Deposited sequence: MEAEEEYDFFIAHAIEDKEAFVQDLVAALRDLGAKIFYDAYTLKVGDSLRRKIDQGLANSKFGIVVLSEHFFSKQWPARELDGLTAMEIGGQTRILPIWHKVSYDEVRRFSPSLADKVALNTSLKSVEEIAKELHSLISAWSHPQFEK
């Protein structure tokens, strides 16, 4: 069982996502990455389910390219549902832009790359899966 899977739009795959995968692996976290690229046509809910069935936590990179995939509204709202094992990260989006797709997601407190560096975010995520 891994620590994280990271769901992301492909457009983000070789930028911020690879940065965050490398930083988290460098701290010793186990992260699924390659099989969690989201493309037009996929099922977000099923992809999230799949990841959670193999990992402690789910990271979803909330970016313009993420929302541009036009996901169903309820599956976005679903990311906010407690059992949380889903940790959104806001990346290069505005509040209004996120509320346009999901008000519940826009009010759910999450990590934000404009407030922390990729390293700082790695450390914080790492804290969730480490004994100290």
{"property": "Deposited residues without C-alpha coordinates, grouped into stretches that follow sequence order", "result": "1-5, 89-92, 142-148"}
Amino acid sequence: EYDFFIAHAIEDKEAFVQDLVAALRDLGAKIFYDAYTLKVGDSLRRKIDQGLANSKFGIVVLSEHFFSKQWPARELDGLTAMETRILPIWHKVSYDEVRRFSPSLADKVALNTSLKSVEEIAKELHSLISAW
From here on, numbers count along this sequence of modelled residues.
| item | value |
| --- | --- |
| Residue range whose averaged C-alpha B-factor is higher in the record, 90-98 or 34-42 | 34-42 |
| Third of the chain, ranked by Cα B-factor, where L128 sits | highest |
| Chain thirds of CA B-factor: placement of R74 | lowest |
| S55, C-alpha B-factor rank within chain (lowest, middle or highest third) | middle |
| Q18 CA temperature factor, ranked by third within the chain | highest |
| Cα B factor band for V109 (lowest, middle or highest third within the chain) | highest |
